[PDB]
């Protein structure tokens, strides 16, 4: 099973999950700094102040990427590390770090695959409403333009938002993620501003006219756990179904030109309050060079062992057949209760997970689906949001007391997969 000629072999991370240095070098706080320092919001009281200390250890981490032989590396830029208040003064040391990361990746032949927004909205913007406030759209447009001007000369692949469908549900409907709302009308309002923000970032990208591609990331198969009181999960599940069904409308499913109008009219229905739209609709008519898919499991509770690589194949066909755009598997991986035993981590079940999902990807590719890349989640164990560090997704084990990286068995297997360009 060989893969296309210039296929992207990579792994993915996100800024707040690995970087650390949360309160150093001019970085402003994100809502996840606020959230993880509030009692009872994150497992075991974990936070990402230190995380993997990737901010300080990136050269060692890139060296391990080179040992794995990664074509590309997907990461996110920390918005409050570039703009501590989300807008205005640019943090110089924050630019230096990402400029250094990008040069170090290119020096070793790893292509940056850069997410603008991976959920670390600057708290200052959240103080005045976050995505409920149209000014956050203004700030995301400026912040997107800033990364395009400082880094766009070396980054070829950009992602505006990572899973805006998941963030909307978790942060505005079930309230398990910041800003912790359980309100459907607020979620539609935030989704609307998120839509404008994406289009204005896409607009800003084409005005700078760099020869690269910009897209979005979606998790069309989201799975949410069962809390510990069923009444709220019922109310959160019912709010989520109303929100998801709205975006899965049979006649206007992927047509985001009409989605913005219907959304603003639906906002106008219950609340009104809708400001002018410059040209976003004609941007959202064709807003993507590629679509990134984040696949972990399928919706059809689990016992623990069930993997659904057949569902990733099914998703790949139907997305390809309906939207006819290049597809990147921007995230795929499995959490395992990993331990280090005599310098090794035998995560063979993770090897079986990735192996089965890759032959599903190869099946889609053989039937014409234009899959251009694959990224394991994650490159290393990291801060798994509200689960804290209790969930290890990495190809590389991180011992958080010593910050030592130990490549798991899955890392050596993946190196052989990349070297063969297939299975």
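Numbering follows the first chain given and starts at 1.
Trainee: Per the entry, how many residues of the deposited chain go unmodelled between residue 300 and residue 301: none, 1 to 3, 4 to 9, or 10 or more?
Mentor: Per the record, 10 or more deposited residues are absent between residue 300 and residue 301.
Trainee: With reference to the PDB entry, specify whether the mean Cα temperature factor is higher for 382-390 or for 352-360.
Mentor: The recorded data point to 352-360.
Trainee: Looking at the deposited entry, does 269-277 or 343-351 carry the larger mean Cα B-factor?
Mentor: Mean CA B-factor is higher for 269-277.
Trainee: Return the residue from 121, 197, 329, 251 that has the highest Cα B-factor in the entry.
Mentor: That would be 251.
Trainee: With respect to the C-alpha temperature factors reported in the PDB entry, which of 81, 74, 177, 318 ranks highest?
Mentor: Answer for 81, 74, 177, 318: 318, with the highest C-alpha B-factor.
Trainee: What third of its chain's C-alpha B-factors does residue 413 belong to: lowest, middle or highest?
Mentor: Highest third of the chain for residue 413's C-alpha B-factor.
Trainee: Which third of the chain holds residue 295 when residues are ordered by C-alpha B factor: lowest, middle or highest?
Mentor: For residue 295, the deposited C-alpha B-factor lands in the lowest third.
Trainee: Check where residue 224 lands among this chain's C-alpha B-factors and tell me if it's the lowest, middle or highest third.
Mentor: Highest third.
Trainee: Please place residue 88 in the lowest, middle or highest third of its chain by C-alpha B factor as given in the entry.
Mentor: Tercile = highest for this residue's CA B-factor.
Trainee: Mind checking which third residue 64 falls in for C-alpha B-factor across the chain?
Mentor: For residue 64, whose C-alpha B-factor we compare with every modelled residue in the chain, the answer is the middle third.
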